[PDB]
Amino acid sequence: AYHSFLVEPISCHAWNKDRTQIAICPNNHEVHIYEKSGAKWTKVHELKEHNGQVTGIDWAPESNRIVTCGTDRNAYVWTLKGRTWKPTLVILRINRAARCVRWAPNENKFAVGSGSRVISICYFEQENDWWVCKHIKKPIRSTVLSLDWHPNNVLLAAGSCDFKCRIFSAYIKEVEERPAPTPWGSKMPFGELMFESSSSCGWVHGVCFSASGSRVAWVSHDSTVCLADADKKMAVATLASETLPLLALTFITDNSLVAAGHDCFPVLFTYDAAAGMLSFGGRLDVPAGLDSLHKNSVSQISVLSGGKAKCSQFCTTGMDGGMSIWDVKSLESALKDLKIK
Amino acid sequence: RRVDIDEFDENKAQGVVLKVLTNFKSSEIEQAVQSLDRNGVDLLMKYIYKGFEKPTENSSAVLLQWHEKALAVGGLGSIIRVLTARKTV
Amino acid sequence: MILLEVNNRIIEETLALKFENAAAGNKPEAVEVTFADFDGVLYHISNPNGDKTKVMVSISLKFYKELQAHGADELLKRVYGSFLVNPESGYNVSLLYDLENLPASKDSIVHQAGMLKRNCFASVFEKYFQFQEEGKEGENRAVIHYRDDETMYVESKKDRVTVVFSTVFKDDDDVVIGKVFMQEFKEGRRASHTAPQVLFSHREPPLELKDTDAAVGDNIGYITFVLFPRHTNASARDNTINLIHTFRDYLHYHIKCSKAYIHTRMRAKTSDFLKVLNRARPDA
Amino acid sequence: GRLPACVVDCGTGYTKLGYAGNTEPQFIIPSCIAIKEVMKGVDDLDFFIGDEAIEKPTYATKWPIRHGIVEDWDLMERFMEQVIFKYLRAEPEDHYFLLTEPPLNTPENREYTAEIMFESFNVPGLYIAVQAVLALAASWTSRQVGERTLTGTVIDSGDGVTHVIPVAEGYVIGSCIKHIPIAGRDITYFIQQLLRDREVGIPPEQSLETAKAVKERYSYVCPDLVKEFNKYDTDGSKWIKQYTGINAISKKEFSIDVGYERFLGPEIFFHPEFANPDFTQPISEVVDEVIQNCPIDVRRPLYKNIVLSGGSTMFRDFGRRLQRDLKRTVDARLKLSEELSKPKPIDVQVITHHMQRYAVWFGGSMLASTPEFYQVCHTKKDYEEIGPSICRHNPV
Amino acid sequence: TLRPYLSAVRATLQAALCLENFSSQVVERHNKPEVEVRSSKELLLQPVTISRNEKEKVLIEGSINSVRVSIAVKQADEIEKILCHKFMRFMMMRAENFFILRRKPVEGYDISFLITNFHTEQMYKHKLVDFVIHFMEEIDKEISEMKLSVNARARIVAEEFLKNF
Amino acid sequence: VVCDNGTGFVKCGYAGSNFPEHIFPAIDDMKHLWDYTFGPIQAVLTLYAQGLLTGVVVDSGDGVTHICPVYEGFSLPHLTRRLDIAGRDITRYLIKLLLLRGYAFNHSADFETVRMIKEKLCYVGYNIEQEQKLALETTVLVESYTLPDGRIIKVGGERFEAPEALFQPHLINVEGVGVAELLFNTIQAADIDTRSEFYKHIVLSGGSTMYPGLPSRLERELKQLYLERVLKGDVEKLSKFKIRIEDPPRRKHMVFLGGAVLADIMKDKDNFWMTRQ
Amino acid sequence: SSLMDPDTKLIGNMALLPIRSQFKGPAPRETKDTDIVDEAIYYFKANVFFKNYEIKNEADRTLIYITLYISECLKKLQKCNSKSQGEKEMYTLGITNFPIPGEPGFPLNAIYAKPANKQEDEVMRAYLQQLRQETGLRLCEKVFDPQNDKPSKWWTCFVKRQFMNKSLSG
Ligand SMILES: Nc1ncnc2c1ncn2[C@@H]1O[C@H](COP(=O)(O)OP(=O)(O)OP(=O)(O)O)[C@@H](O)[C@H]1O
Ligand SMILES: Nc1ncnc2c1ncn2[C@@H]1O[C@H](COP(=O)(O)OP(=O)(O)OP(=O)(O)O)[C@@H](O)[C@H]1O
């Protein structure tokens, strides 16, 4: 299954909560929302506000909001007002390009990582009607690359160019009350450093917590992939890739993972918690001038089917206008070397 | 316009390897490269980028054959681990 | 072309127009054409002092001091005669045609106004063709500067005549290409064994003229011409001197031509790589 | 500084050679090359330009100087080879050359030209000026001027596409040029067809040259058409002539009449509707439109000096009628002014002289025989030190 | 072994070129390639080299968004040196329309390929690798023919002149 | 309600808005402006737009460049200087760059077409020599453009040379400053009390600040000048030094916008003006 | 102006032009011997190469009708071998009718004012008869030489030249 849109590279993709509409920017000032009409795609919305390029978008699946981050140091919140989407001025108190963004599952705060070695956190205040930015400065020294939320709406992953995946604590104390304790540690104020990774090799392109959020995993530029645990006390496990450079990766259960890269065909993963083994699966796929349906690399992986746990449908959007939609149960049949736990 | 202040801001063994490989003949590359583990290949990967950087009389010819068997075993991601190691040997 | 023009196409178009004006009886016109040629040779054709029927050829050089001591005036005063007059102010030789005394067949003197620089290099050769054919050796060798850095060295021997150009390859790239032309010039007798044989060396003057002030330098090669009496006999003076007095300029030609052959070959090839680079560029 | 400098002036149909100091070129050769049907050595020298190129039936006659731009370099390059060693006989290391080029050429195409002179000819100087500036430099010797000025109007009358240029302080203005596809060649076609229909016995396969010479030897601008037809009907003597064509095939002489294609020949410049319905716009105001696009300050100098160029303005009193044709134009537009409105009427002068046959080249002998040209050439070391960007632009 | 020399290069350029968009860590709102300005140290990859002999060597310098590949060319003698130097200086004048190269090579090297992120976008980046191989494929032979061109055409030029005496 | 009548660009609008709700220039000659207007200090307004009290203004627009130190309520007039480099003289320099690249342009007729190129292609460089290792060395700066008469030119090395040569007193024929110099002169002409207050209170305002990287050059040159004349060579005492230079996103339509927050409007405004009191 | 005055009135697409005819008597009459159809031959060759003639007047509707009339007559005198043979072929075309305003088969109907009644069309046919009459006997001395049976070649050279690219009959 493969639709293609355009020649331009698209930045990132996101969905509504039913996972029907999709919204992407193909290398321009304009992010376009698309939508199935049967097997026919419909350019339902166009957004023309950013005077620079835009780089990372997330659709808010429940509040019907849209967060932006780009290169003209400006991030805008787009909420549905009837048919015409309307922006929202959000000042991060940073000066350069942002890199990625995603909503916390409370839909009360969003994390922006950028080039000024700081992470701006805007949570919405109500009296001023404002998204007050608050910063996590120490000890980030490089440009923040990928982000991920714990489902508790408290912790926050962080990945930058100093190779060190420093998972954090960003409990905002005035819009959130005192959360439950966490297998990382006890006291969780804002800006609280919790654990710096043991990776001095390869950039940190993609990080993700599990559905528990106790497990967290990351893939690295030097063709490696590494995972750690909150329950097994920060124990970073090591696995090297014997394939091509890679960008995106996601869980499917709590110890079963799927990642694709510059080949744009996947190769599953499962965390053997018993033997303590990150063991790389086997493409789980089955085979211009290219065997993979999409031309360029991946840029993002995300799950169509009901959260990261179930977990069946997932699509691959990259640096070209194609989307290859992949179902797990569609891939369960013809593969003879897959591993699922 | 005349000074560099881009750095001053408040932010942010060798001859042993060449001697053995050139004395190792070309016919025993498959028995030499494949005998190492997952970390021995990347240890051998930085070795091949020593004599190719610093050539001698009989250096650069046979080591292309040494690059050949380690290409298939090392794959394609094994080369990056030369590139991305900010502290290397 | 492949052989150069011993003809002089800047006059052979010009005066061939001029006599047909009088042959049709038209009034002649105010003509003053000032122009040049190889080797620093300057010309000047004009109506001398204001009559349109009088047509004066006039040539300037710098060699007439060095050349007149080698039997110049016996040649051209014999050949051109009453055509030749007093030299014009600032000119070595000055011929004169008056259009009221046209000859019978004009295609001779039109053709024989085109040898006008050729007749000056011949006389030093005709002097030294006598000394070979009569055995009168013991002669000083003619040192003739034909540019600022281009000297001519002749030599009369017993059964042969040799002669030497002092060439200067003024750039740096021409030298490397220019040395390849003397290779096949040294290999000239692979099938032409009746050819006048040529020696060559670079930067090192011949030892026969080592007694001179012959310079040594990166720009300079030394080219010989073994001239038997079989090519300098009385039958073929005039053939031999036509070829030989332009050979320095002839070799300036095919160096620049073989450069020109590269830029047509290579410009095709830069369209070939630019083709393939547009193919990985998508059709969309 | 003692031996003079070549001015190779590659026009559209006719190349203009010549050395400095000269009133007229030593060649007027048709800009054409015969080449054999890649080729090597003796196969890759058989190059014949100009008169032999029209002559030779064996090899095809490419015209790479088309619309003023170069169609292809590797055949232009062979033409620049044998324009030196065969016809000029110049010393290739010892003359400060002056190539010339029509307006709106790309400054890549300068560094294609200037590359080959510094890398296949070793020239000691080079200065690739535009055709428009040295055109009007020729009319400085005219008695119609007394003072030097390098700001005005030229009227190129070419052979592929004629142009119109306003010029200012030695620089063309790339906003306001206009292609007009009338030419020297368009007058050839229809008057050849005008003698297809009246003269009988002319062989069709050489009739273009036959149509050429009667345009050459007998054309004239008619001042006004409506009196003009009667002057053939009233007077059959002093307007009817007879042309004596030579049969190139059958080796004979044939007489033909000199009739009506005289006066309509130059008159199609005054109305393009005679030969094309593509342009309903006469020349009497389309130059004034090009005038009316330039800024307000430069127009009042731009009326005083309109300069004729090219061979296609060698028709009797072509400047005289077109002067009145612009005076009808500009005074009618200020006839709008005094009604609605006070500004003084402005005189408009066109320029003519003897060498306007080839007044593009005659500017080349007003430059290369001056010491200032020796100040401004690209030397050979300047290409070697700094690179082709010095020769991609032009000096003053 | 002339073939597998290009193979390991083909086996390295593919690994070399997996890039992305990346803005300037130093300067607000810019996008300049990293392997040229070199102002952020930690981004630049380790420069590597591959060679067949003492001469035929190829340098690769990777970064996050641009890779400066340079090539040493076989220069057998001095007559091919001007054939080397012009053939470069021909195309280096023409790097504006033929526009993935550098104007001036690396000191010690002969031509320098500069592939940014944008050139990997608007072109099929699995074939720009193949173009770089293709450029090294035939300039071995391109110069090799023009030697046989010149050594033939002098023999045409010389034999005409000498028989005319 | 606020009125905003400018010198080189004239505004109008209502109170509590987002933008000047109409725009048109002023065609004695300002007295006729009232006719098409009623039919549908700046720096205090500029600071309170960002919402501050005392800071540094980079007022760089079209006709002339101001630099303004302004206190909480009042300005600092004798401290506030005015240069004479403009925005148009960048374009007048930019023609001569492209003219020496080889493209024919007149300074009169071809004016606005170059102005499109400046607002799209042109910017500033943090250093010169590392930047000029891109024109002479690499392809990258070469970007296409299309003229309105259909021609397609390429501009490479003449992009970044918008600011530089008339900072030198040769090309401007005026002994003067760079840009951070008169900036640095004015603070050291100002007090020592709010000195470090100033170096984190620099605002850029105007269309002649839209060059990307302009707050990356002003941060680099002040690390020269404070090292030069004040601190005189010391290493780690310069590492203490606070540098924050600000530039708003909506700053081009901000002068009328920022006044709306101050504008405590009334029931009446006619009762003071002397032709309608 | 030259071909229009308010003394004469607009009947039809054109105004009825003051003829001087083969006969004297009751007619649209003029003082001077020079006629519109004389002028339609006098300024003919200065008007034959245009594409779009102006409209200053409604007499151009007559004037280009004569032009397309002469466009027919040039097709006839290509084949003529005596003066009597020419006139009878002109008496042939002078009687044979072609459609005249707003009429199908007749080109350029969008220009001419069409008379709708039965009256004015016939009077126009009575006037266009006189156009076909009065022109041809004035073409006898002006196409042929004063030495008779010599067709002048200064009228031969218009045989391919038309007012525009239309066919008159088809
Ligand atoms: N006396 C004349 N009568 C008729 N036609 C002439 C006369 N003199 C020149 N011509 C015509 O003028 C034409 C030459 O035009 P022009 O001199 O502009 O050509 P060009 O120099 O090659 O073009 P350009 O200078 O525009 O590149 C010739 O084709 C010739 O037919
Ligand atoms: N996007 C842009 N990039 C570069 N320069 C720009 C841009 N937009 C505007 N400018 C420059 O800014 C100038 C106008 O800016 P601005 O509106 O601040 O001045 P202004 O208010 O018109 O001048 P005045 O204060 O005299 O009215 C123009 O001359 C233009 O060159």
# chains A, B, ... in the order shown; residues from 1 in each chain; ligands from 1
$ residues_near_ligand --ligand "ligand 2" --cutoff "8 Å" --atoms "only C-alpha atoms and all ligand atoms" --output "PyMOL selection string"
chain F and resi 6-10+59-64+86-88+91+115+118-120+122-123+205-211+252
$ residues_around --residues "residue 355 in chain D" --least-positions-apart "5" --cutoff "9 Å" --atoms "only C-alpha atoms" --output "VMD selection string"
chain D and resid 23 to 24 138 to 139 360 362
$ residues_near_ligand --ligand "ligand 1" --cutoff "7 Å" --atoms "only C-alpha atoms and all ligand atoms" --output "VMD selection string"
chain D and resid 10 to 15 31 68 156 to 159 162 184 to 185 212 215 to 217 219 309 to 315 357 to 358 360
$ residues_around --residues "residue 45 in chain C" --least-positions-apart "4" --cutoff "12 Å" --atoms "only C-alpha atoms" --output "VMD selection string"
(chain C and resid 10 to 11 14 to 15 18 30 to 36 49 52 54 to 60 88 91 94 to 97 113) or (chain D and resid 22)
$ select_by_dssp --residues "range 14-132 of chain E" --states "strand (DSSP E or B)" --output "VMD selection string"
chain E and resid 48 to 51 57 to 61 67 to 71 101 to 102 111 to 115
$ write_last_selection --atoms "N, CA and C atoms" --output "CSV table (one decimal), in the first residue's frame"
chain,number,residue,atom,x,y,z
E,48,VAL,N,38.6,10.5,6.1
E,48,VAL,CA,39.1,9.2,5.7
E,48,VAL,C,39.7,9.3,4.3
E,49,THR,N,40.5,8.3,3.9
E,49,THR,CA,41.2,8.2,2.6
E,49,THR,C,41.2,6.8,2.1
E,50,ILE,N,41.1,6.6,0.8
E,50,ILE,CA,41.2,5.3,0.1
E,50,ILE,C,42.1,5.5,-1.1
E,51,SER,N,43.1,4.6,-1.2
E,51,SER,CA,44.0,4.7,-2.3
E,51,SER,C,44.4,3.3,-2.8
E,57,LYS,N,44.5,8.4,-4.9
E,57,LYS,CA,43.9,8.5,-3.6
E,57,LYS,C,42.7,9.4,-3.6
E,58,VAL,N,41.8,9.1,-2.7
E,58,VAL,CA,40.5,9.8,-2.7
E,58,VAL,C,40.2,10.2,-1.2
E,59,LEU,N,40.0,11.4,-0.9
E,59,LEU,CA,39.7,11.9,0.5
E,59,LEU,C,38.2,12.1,0.6
E,60,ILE,N,37.7,11.7,1.8
E,60,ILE,CA,36.3,12.0,2.1
E,60,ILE,C,36.2,12.6,3.5
E,61,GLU,N,35.5,13.8,3.6
E,61,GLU,CA,35.4,14.5,4.8
E,61,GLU,C,33.9,14.7,5.1
E,67,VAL,N,29.5,16.8,2.5
E,67,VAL,CA,30.7,15.9,2.4
E,67,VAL,C,31.6,16.5,1.3
E,68,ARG,N,32.8,16.8,1.7
E,68,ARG,CA,33.8,17.3,0.7
E,68,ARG,C,34.7,16.2,0.2
E,69,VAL,N,34.4,15.6,-0.9
E,69,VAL,CA,35.1,14.5,-1.5
E,69,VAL,C,36.1,15.1,-2.5
E,70,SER,N,37.4,14.7,-2.4
E,70,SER,CA,38.4,15.1,-3.3
E,70,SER,C,39.1,13.9,-3.9
E,71,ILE,N,39.7,14.1,-5.0
E,71,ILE,CA,40.3,13.1,-5.9
E,71,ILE,C,41.6,13.4,-6.4
E,101,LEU,N,30.4,21.0,-7.6
E,101,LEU,CA,31.8,20.9,-7.3
E,101,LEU,C,32.4,22.1,-6.6
E,102,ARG,N,33.7,22.1,-6.3
E,102,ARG,CA,34.3,23.3,-5.8
E,102,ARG,C,35.0,24.0,-6.9
E,111,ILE,N,40.4,17.9,-7.7
E,111,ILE,CA,39.1,18.4,-7.9
E,111,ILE,C,38.3,18.0,-6.6
E,112,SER,N,37.4,18.8,-6.2
E,112,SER,CA,36.7,18.6,-5.0
E,112,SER,C,35.2,18.7,-5.1
E,113,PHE,N,34.6,17.6,-4.7
E,113,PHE,CA,33.1,17.4,-4.9
E,113,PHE,C,32.5,17.8,-3.6
E,114,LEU,N,31.5,18.7,-3.7
E,114,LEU,CA,30.8,19.3,-2.5
E,114,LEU,C,29.3,19.1,-2.6
E,115,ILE,N,28.8,18.0,-2.0
E,115,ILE,CA,27.4,17.6,-2.0
E,115,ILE,C,26.7,18.1,-0.8
$ residues_around --residues "residue 133 in chain F" --least-positions-apart "5" --cutoff "9 Å" --atoms "only C-alpha atoms" --output "PyMOL selection string"
(chain E and resi 36-37) or (chain F and resi 128+138)
$ select_by_dssp --residues "range 42-126 of chain F" --states "helix (DSSP H, G or I)" --output "VMD selection string"
chain F and resid 42 to 50 88 to 101 111 to 121
$ atom_distance --atom1 "CA of residue 211 in chain A" --atom2 "CA of residue 111 in chain A"
18.4 Å
$ closest_atom_pairs --of "chain D" --to "chain F" --cutoff "6 Å" --atoms "only C-alpha atoms" --output "Markdown table"
| residue | atom | partner | partner_atom | distance |
| --- | --- | --- | --- | --- |
| D:107 | CA | F:102 | CA | 5.8 |
| D:295 | CA | F:109 | CA | 6.0 |
| D:393 | CA | F:102 | CA | 4.5 |
$ residues_around --residues "residue 66 in chain E" --least-positions-apart "5" --cutoff "8 Å" --atoms "only C-alpha atoms" --output "list in words"
residues 19, 33, 34, 35, 114, 115, 116 and 117 of chain E
$ residues_around --residues "range 144-148 of chain C" --least-positions-apart "5" --cutoff "10 Å" --atoms "only C-alpha atoms" --output "PyMOL selection string"
chain C and resi 39-41+61-63+65-67+124+153-154+165-168
$ interface_residues --of "chain E" --to "chain C" --cutoff "7 Å" --atoms "only C-alpha atoms" --output "list in words"
residues 79, 82, 98, 122, 123, 124, 127, 128, 131, 154, 155, 158, 159, 162, 163 and 165 of chain E
$ write_last_selection --atoms "C-alpha atoms" --output "PDB file, in the first residue's frame"
ATOM      1  CA  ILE E  79      52.591  16.195 -21.190  1.00  0.00           C
ATOM      2  CA  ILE E  82      48.886  20.162 -18.770  1.00  0.00           C
ATOM      3  CA  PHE E  98      27.533  22.153 -13.607  1.00  0.00           C
ATOM      4  CA  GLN E 122      16.333  17.447  -5.700  1.00  0.00           C
ATOM      5  CA  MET E 123      18.346  14.520  -7.075  1.00  0.00           C
ATOM      6  CA  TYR E 124      18.185  10.787  -6.611  1.00  0.00           C
ATOM      7  CA  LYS E 127      22.643   7.852  -8.271  1.00  0.00           C
ATOM      8  CA  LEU E 128      24.750  10.890  -7.340  1.00  0.00           C
ATOM      9  CA  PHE E 131      27.812   9.885 -10.983  1.00  0.00           C
ATOM     10  CA  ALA E 154      51.598  15.963 -35.256  1.00  0.00           C
ATOM     11  CA  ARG E 155      52.417  13.093 -37.609  1.00  0.00           C
ATOM     12  CA  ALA E 158      54.956  17.028 -39.990  1.00  0.00           C
ATOM     13  CA  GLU E 159      54.816  14.633 -42.946  1.00  0.00           C
ATOM     14  CA  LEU E 162      58.857  17.802 -45.059  1.00  0.00           C
ATOM     15  CA  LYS E 163      57.923  16.207 -48.382  1.00  0.00           C
ATOM     16  CA  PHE E 165      60.920  20.593 -49.995  1.00  0.00           C
TER      17      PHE E 165
END
$ atom_distance --atom1 "CA of residue 260 in chain D" --atom2 "CA of residue 131 in chain G"
28.7 Å
$ closest_residue --among "D:303, D:270, D:85, D:112" --to "residue 347 in chain D" --atoms "only C-alpha atoms"
D:303
$ residues_around --residues "residue 272 in chain D" --least-positions-apart "6" --cutoff "8 Å" --atoms "only C-alpha atoms" --output "mmCIF file with C-alpha atoms, in the first residue's frame"
data_model
loop_
_atom_site.group_PDB
_atom_site.id
_atom_site.type_symbol
_atom_site.label_atom_id
_atom_site.label_comp_id
_atom_site.auth_asym_id
_atom_site.auth_seq_id
_atom_site.Cartn_x
_atom_site.Cartn_y
_atom_site.Cartn_z
ATOM 1 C CA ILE D 182 12.449 42.883 -39.651
ATOM 2 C CA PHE D 279 3.348 43.858 -36.362
ATOM 3 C CA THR D 280 0.885 46.672 -36.847
ATOM 4 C CA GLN D 281 3.381 49.053 -35.267
ATOM 5 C CA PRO D 282 5.516 51.350 -37.460
#
$ atom_distance --atom1 "CA of residue 188 in chain A" --atom2 "CA of residue 125 in chain A"
20.6 Å
$ interface_residues --of "chain D" --to "chain E" --cutoff "10 Å" --atoms "only C-alpha atoms" --output "list in words"
residues 40, 41, 42, 43, 44, 108, 111, 112, 115, 119, 387, 388 and 389 of chain D
$ write_last_selection --atoms "N, CA and C atoms" --output "PDB file, in the first residue's frame"
ATOM      1  N   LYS D  40      39.684  14.128 -37.537  1.00  0.00           N
ATOM      2  CA  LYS D  40      41.014  14.124 -36.950  1.00  0.00           C
ATOM      3  C   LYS D  40      42.053  14.639 -37.945  1.00  0.00           C
ATOM      4  N   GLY D  41      42.796  15.657 -37.519  1.00  0.00           N
ATOM      5  CA  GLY D  41      43.988  16.086 -38.225  1.00  0.00           C
ATOM      6  C   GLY D  41      43.728  16.701 -39.579  1.00  0.00           C
ATOM      7  N   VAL D  42      44.071  15.968 -40.639  1.00  0.00           N
ATOM      8  CA  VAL D  42      43.733  16.409 -41.987  1.00  0.00           C
ATOM      9  C   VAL D  42      42.220  16.404 -42.183  1.00  0.00           C
ATOM     10  N   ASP D  43      41.514  15.523 -41.471  1.00  0.00           N
ATOM     11  CA  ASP D  43      40.065  15.605 -41.429  1.00  0.00           C
ATOM     12  C   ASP D  43      39.609  16.800 -40.610  1.00  0.00           C
ATOM     13  N   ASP D  44      40.435  17.258 -39.669  1.00  0.00           N
ATOM     14  CA  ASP D  44      40.002  18.325 -38.779  1.00  0.00           C
ATOM     15  C   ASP D  44      40.802  19.598 -39.021  1.00  0.00           C
ATOM     16  N   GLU D 108      28.054  34.441 -18.943  1.00  0.00           N
ATOM     17  CA  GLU D 108      28.772  33.208 -19.219  1.00  0.00           C
ATOM     18  C   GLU D 108      29.398  33.264 -20.600  1.00  0.00           C
ATOM     19  N   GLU D 111      32.775  34.627 -20.878  1.00  0.00           N
ATOM     20  CA  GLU D 111      33.898  33.816 -20.425  1.00  0.00           C
ATOM     21  C   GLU D 111      34.000  32.525 -21.219  1.00  0.00           C
ATOM     22  N   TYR D 112      33.092  32.296 -22.162  1.00  0.00           N
ATOM     23  CA  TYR D 112      33.391  31.278 -23.156  1.00  0.00           C
ATOM     24  C   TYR D 112      34.264  31.853 -24.258  1.00  0.00           C
ATOM     25  N   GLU D 115      37.857  32.845 -22.741  1.00  0.00           N
ATOM     26  CA  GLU D 115      38.682  31.706 -22.359  1.00  0.00           C
ATOM     27  C   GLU D 115      39.588  31.293 -23.497  1.00  0.00           C
ATOM     28  N   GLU D 119      43.590  30.909 -23.871  1.00  0.00           N
ATOM     29  CA  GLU D 119      44.072  29.543 -23.715  1.00  0.00           C
ATOM     30  C   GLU D 119      44.204  28.789 -25.025  1.00  0.00           C
ATOM     31  N   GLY D 387      41.796  34.816 -12.330  1.00  0.00           N
ATOM     32  CA  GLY D 387      40.826  33.890 -12.860  1.00  0.00           C
ATOM     33  C   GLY D 387      39.878  34.541 -13.845  1.00  0.00           C
ATOM     34  N   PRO D 388      38.961  33.749 -14.413  1.00  0.00           N
ATOM     35  CA  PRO D 388      38.092  34.253 -15.488  1.00  0.00           C
ATOM     36  C   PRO D 388      37.077  35.301 -15.059  1.00  0.00           C
ATOM     37  N   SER D 389      36.925  35.566 -13.760  1.00  0.00           N
ATOM     38  CA  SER D 389      35.956  36.565 -13.322  1.00  0.00           C
ATOM     39  C   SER D 389      36.405  37.970 -13.685  1.00  0.00           C
TER      40      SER D 389
END
$ closest_atom_pairs --of "chain F" --to "chain B" --cutoff "10 Å" --atoms "only C-alpha atoms" --output "JSON lines"
{"residue": "F:126", "atom": "CA", "partner": "B:1", "partner_atom": "CA", "distance": 9.2}
{"residue": "F:127", "atom": "CA", "partner": "B:1", "partner_atom": "CA", "distance": 6.8}
{"residue": "F:128", "atom": "CA", "partner": "B:1", "partner_atom": "CA", "distance": 7.4}
{"residue": "F:129", "atom": "CA", "partner": "B:1", "partner_atom": "CA", "distance": 9.0}
{"residue": "F:219", "atom": "CA", "partner": "B:5", "partner_atom": "CA", "distance": 9.8}
{"residue": "F:220", "atom": "CA", "partner": "B:5", "partner_atom": "CA", "distance": 6.8}
{"residue": "F:221", "atom": "CA", "partner": "B:1", "partner_atom": "CA", "distance": 7.7}
{"residue": "F:223", "atom": "CA", "partner": "B:5", "partner_atom": "CA", "distance": 7.2}
{"residue": "F:224", "atom": "CA", "partner": "B:3", "partner_atom": "CA", "distance": 7.8}
{"residue": "F:235", "atom": "CA", "partner": "B:8", "partner_atom": "CA", "distance": 8.6}
{"residue": "F:236", "atom": "CA", "partner": "B:8", "partner_atom": "CA", "distance": 9.4}
{"residue": "F:238", "atom": "CA", "partner": "B:9", "partner_atom": "CA", "distance": 9.0}
{"residue": "F:239", "atom": "CA", "partner": "B:10", "partner_atom": "CA", "distance": 6.3}
{"residue": "F:240", "atom": "CA", "partner": "B:10", "partner_atom": "CA", "distance": 8.5}
{"residue": "F:241", "atom": "CA", "partner": "B:10", "partner_atom": "CA", "distance": 9.5}
